[PDB]
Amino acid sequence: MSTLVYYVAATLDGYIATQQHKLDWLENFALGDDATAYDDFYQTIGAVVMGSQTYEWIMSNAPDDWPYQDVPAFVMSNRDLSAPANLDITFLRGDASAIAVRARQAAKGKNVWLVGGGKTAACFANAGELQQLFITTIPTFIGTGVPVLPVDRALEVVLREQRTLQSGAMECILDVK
């Protein structure tokens, strides 16, 4: 069917942000020309899913430039949060299965991009709803920070592809189960 994919950038110790929710280690790093183009991945996406912390990061850091206007967007939270009334943004909560079929439908046969973050990704994985991961790994350790996938127990994956870029960053596709 349609794939729920976790496409994310992470440190070598498996963190997707500093403990203060900063991405200096990420944004200050030049992936290089030989990286897989962002567009080529985003072309395969028909919906995005997010937790509320990642939503608030994007709105505080790019308030006038929502990046996913091209697709519907589902933000999970237990608040009655509000989006600018002009943006394709829905707020859902609870069981991760219902959210996935809602998002897979809206994706129209394209994939659902689980942008994150960790807590949200783990909710889906614990529910057996996460099917693939695409990780860009930055050659750095930050010691502590936001965990990429805080699952409750060991989630094993099959390595389906891996590239090492000229800059030291790496890319891999992981299939769940």
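When you see a residue number, it is the position in the sequence shown, counting from 1.
57 to 65 set against 44 to 52, stretch whose average Cα temperature factor tops the other in the entry: According to the entry, 57 to 65 carries the higher average C-alpha B-factor.
Average Cα temperature factor in the PDB entry - higher stretch of 31 to 39, 141 to 149: If you average the C-alpha B-factors of 141 to 149 and of 31 to 39, the larger mean comes out for 31 to 39.
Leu4 by Cα B-factor - lowest, middle or highest third of the modelled chain: Middle third of the chain for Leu4's C-alpha B-factor.
Record-listed C-alpha B factor of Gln131: chain third: Middle third.
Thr11, C-alpha B-factor rank within chain (lowest, middle or highest third): Lowest third - that is where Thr11 ends up once the chain's C-alpha B-factors are sorted.
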